[PDB]
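Chemist: so I pulled this structure from the PDB, and the sequence comes with it:
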Amino acid sequence: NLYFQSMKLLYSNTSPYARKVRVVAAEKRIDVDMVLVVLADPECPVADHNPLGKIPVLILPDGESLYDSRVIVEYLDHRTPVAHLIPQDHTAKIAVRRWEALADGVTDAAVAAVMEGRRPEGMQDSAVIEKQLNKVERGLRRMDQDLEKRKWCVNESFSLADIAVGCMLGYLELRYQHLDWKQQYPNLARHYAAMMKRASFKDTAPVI
Amino acid sequence: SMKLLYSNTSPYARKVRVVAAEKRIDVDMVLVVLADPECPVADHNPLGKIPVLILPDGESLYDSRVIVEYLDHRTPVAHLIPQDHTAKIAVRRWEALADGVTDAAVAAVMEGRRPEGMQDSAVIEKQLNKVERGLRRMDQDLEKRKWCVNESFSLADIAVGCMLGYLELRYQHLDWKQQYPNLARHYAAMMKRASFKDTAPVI
Ligand SMILES: N[C@@H](CCC(=O)N[C@@H](CS)C(=O)NCC(=O)O)C(=O)O
Ligand SMILES: N[C@@H](CCC(=O)N[C@@H](CS)C(=O)NCC(=O)O)C(=O)O
């Protein structure tokens, strides 16, 4: 194998969960071998590192792999003292992980909708799409209310929360050109504005 | 006091229940039923998913991973999540793997609940495969161990239990206590726990 191997982060160009991981990596200022991957492919078999078959996976120099994104992001925030993506104080930290679950949950709902539309032409269910896009709208409204008088999601400091909300919104933009959220959720668009101003964030926009 | 929204069969919620019991925490239990409308769930979790913990703040916490962490810091004297970073990460990662197998298993059930006319063959194969791979890995990781991490009972063990519990409910056909001996042992040891058997699905 190889000496002086860096941590490797398996990822795809569209995965918002991968993006959350990449963004945290940059914020922590951690050097990481970022490996663009194709899930189907034989040459890099994800299943050998993540049995679930899901990206992102962080493969450490031991050859031991961490997934899912929620685990990986706790691991990395502890690597360097650059910033506390996850607050040390328990109140703030549960607050941070709650935001993140809301954001990931909305993303799960969008992925659900999106994939639902990709089913074979016969076996596709408009109700499923409706329900999921329902979770999205409700989640967005809630986040938007929570950012009325706030610079950032928690305690007024950039955290995993903000990152998660960014990756989420960016996912919406990627998958739903016609969603005009910015206008409907002014606090969120403002937040997204701040986020778009970070290389970490902007440097990782989905593509392809 | 606090309110837990759960259902009879949710393994995600059974995980919090088991934690609460393990931790000796007295949560007001709020039954949700599958035919139920969006609220009261959606009122407290915008994603309208169970489980969700409500605090005397009215504040609501979700999902199960967030709740268990909040629950575990409630009673200091005994942690189901290691305070030490390395053991914490390894536990969270067992949980992630177990939740993920539950995910795939629930999805396949859901794909089997579709109009026979709108079932995707590829999806069920695809999810099951995930299941066995999750189980194969998990049954080797336990090859010479009693508990998942540092040979001491943790959230990881609870997660593994609920997961298999869920397969106990929805996948009779699988003979996994047969291919995954270590999982079998883990389950029986889990079974023997009050916290675990009081939270099994009523049928
Ligand atoms: N719970 C996992 C989910 C990982 C996941 O879903 N990754 C891929 C699927 S393998 C993804 O983002 N797919 C959606 C897309 O790229 O559009 C995590 O949070 O990391
Ligand atoms: N991933 C979450 C939620 C799990 C979940 O989806 N629970 C199901 C019951 S088994 C649910 O409430 N589904 C309702 C819906 O998606 O509308 C967790 O670990 O708490």
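Modeler: Structure's in. What do you need? Numbers count the residues shown, from 1 in each chain, chains lettered A, B, ... in the order given. Ligands and ions are numbered 1, 2, ... in the order given.
Chemist: can you tell me, leaving aside adjacent residues, what's nearest to the residue sitting furthest away from the middle of chain A?
Modeler: Outermost residue of chain A with respect to the C-alpha centroid, by CA atoms, centre = their mean, is residue A:122; its distance is 31.6 Å. Spatial nearest neighbour of residue A:122, excluding adjacent residues (CB to CB, 6 or more residues apart in numbering or on different chains): residue B:118 at 6.9 Å. Where C-beta positions appear, they are placed from N, C-alpha and C, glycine not excepted.
Chemist: that neighbour touches residue A:127, doesn't it?
Modeler: No: applying CB atoms under 8 Å, one finds residue B:118 not in contact with residue A:127, separated by 10.7 Å.
Chemist: quick one, domains of chain A?
Modeler: Residue ranges for each domain of chain A read A:1-84+A:199-208, A:85-198, as given by curated CATH domains.
Chemist: does the longest helix anywhere in chain A come close to ligand 1?
Modeler: Once chain A is assigned using DSSP state H, the helix that runs over the most residues is helix A:90-117. Yes: on the criterion CB under 6 Å from any ligand atom, helix A:90-117 is in touch with ligand 1 at A:104, A:111.
Chemist: do that helix and ligand 2 meet at all?
Modeler: No: against ligand 2, helix A:90-117 shows no contacts by CB under 6 Å from any ligand atom, the least distance being 7.3 Å.
Chemist: buried residues in that helix?
Modeler: Counting neighbours by 16 or more other CB atoms under 10 Å in any protein chain shown, one finds that the buried residues in helix A:90-117 are A:92-114, A:116.
Chemist: other SSEs contacting it?
Modeler: Here helix A:90-117 touches helix A:16-28, helix A:69-77, helix A:126-146, helix A:160-175, helix B:64-72, going by 3 or more CB pairs under 8 Å, 6 or more residues apart in numbering or on different chains; DSSP states H and E.
Chemist: buried sites along the longest one?
Modeler: It stands for helix A:126-146. Buried, per 16+ other CB under 10 Å, within helix A:126-146: A:128-129, A:131-140, A:143-144, A:146.
Chemist: what does it contact?
Modeler: For helix A:126-146, contacts defined as CB atoms under 8 Å, 6 or more residues apart in numbering or on different chains pick out A:99, A:102-103, A:105-106, A:109-110, A:112-113, A:116-117, A:153, A:165, A:172, A:181, A:184-188, B:42, B:46-48.
Chemist: and it, how far out from the chain's middle?
Modeler: On the basis of CA atoms, centre = their mean, to the nearest Å, helix A:126-146 sits 17 Å off its chain's mean C-alpha point.
Chemist: export that helix as CSV, just CAs?
Modeler: Coordinates of each C-alpha in helix A:126-146 appear next as CSV, following Å, rounded to 0.1, in the frame of the first residue of the first chain:
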residue,chain,number,x,y,z
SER,A,126,-47.6,11.2,-7.3
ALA,A,127,-48.8,10.9,-3.6
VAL,A,128,-45.3,10.0,-2.4
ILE,A,129,-43.9,13.0,-4.1
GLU,A,130,-46.6,15.2,-2.6
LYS,A,131,-46.0,14.0,0.9
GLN,A,132,-42.2,14.4,0.8
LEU,A,133,-42.4,17.8,-0.8
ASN,A,134,-44.7,18.5,2.1
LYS,A,135,-41.9,17.7,4.6
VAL,A,136,-39.7,20.1,2.7
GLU,A,137,-42.1,23.1,2.7
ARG,A,138,-42.8,22.6,6.5
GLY,A,139,-39.1,22.3,7.3
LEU,A,140,-38.2,25.4,5.2
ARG,A,141,-41.0,27.4,6.9
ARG,A,142,-39.7,26.3,10.3
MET,A,143,-36.1,27.1,9.6
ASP,A,144,-37.2,30.5,8.1
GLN,A,145,-39.1,31.4,11.3
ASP,A,146,-36.1,30.4,13.4
